[PDB]
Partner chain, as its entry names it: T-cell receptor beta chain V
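For reference, the chain that follows is the form solved without the partner chain, supplied as structure tokens.
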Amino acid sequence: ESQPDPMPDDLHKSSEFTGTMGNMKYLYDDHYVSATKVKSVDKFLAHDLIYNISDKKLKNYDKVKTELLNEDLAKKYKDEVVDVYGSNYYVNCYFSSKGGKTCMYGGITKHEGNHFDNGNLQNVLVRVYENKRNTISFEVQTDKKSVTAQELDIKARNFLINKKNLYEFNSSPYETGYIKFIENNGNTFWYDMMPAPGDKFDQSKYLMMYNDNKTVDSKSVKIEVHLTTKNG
């Protein structure tokens, strides 16, 4: 069975978050680790993999550790050639290894025959709903047939940050929000797009949900982002 859609009580309210919303925005605003054709070169704890990926951008790291839900999931990709995509963090990012080091979760996919012969990207529909009414719709692109939900999530949010100010320095226009994925097999699941209550935002804990390394079929998957303003 698929995961049950949320009820208002099941969602985080940006109004109950006193910390800085910029610390959320930071993780999705033109922010991500990407690599093609690579293989883990080491591990820290049993459940993770370290890859040699450099920060072409600002040269902020050349070692990337990604944590997975368990050791088996790590054993699976430990020796495969893969592609990496995901949202990284530094605060509370630790590991020995054996340049800068950055951390992340999941974002791992086998590379072999999981691409399009022409530098061709796949389009995935993302429809936005503000207060239950579909306001705008668009598409994100992936170069993968089988892509991590995460990758598309990053892309969905990145866009909404620019076009709808999804997140701003302190607080957000919307009270609650969750991204829902609908697979071609009637299976669905969603992520709370809002930080948990309190005065601090734990980026490591938040991003940990990408633990399952959940993948979906890019040519058939459907994405729905459901937002709500505090009152209406």
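Numbering follows the first chain given and starts at 1.
We do not show the form deposited with the partner chain bound, though everything after this point is about it.
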* Structure fact -> The one option of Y32, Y191, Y51, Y26 with any heavy atom within 4.5 Å of the partner chain in the entry with it bound is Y26
* Consider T20 of the chain shown here, and say whether it contacts the partner chain in the entry with it bound, taking contact as heavy atoms within 4.5 Å. => yes
* At the 4.5 Å heavy atom threshold, is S40 in contact with the partner chain in the entry with it bound? -> no
* Asked: For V91, is any heavy atom within 4.5 Å of the partner chain in the entry with it bound, or not?
  -> yes
* Applying a 4.5 Å heavy atom distance criterion, does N60 contact the partner chain in the entry with it bound? -> yes
* Asked: Three residues, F169, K200 and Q203; all within 4.5 Å of the partner chain in the entry with it bound via heavy atoms?
  -> yes
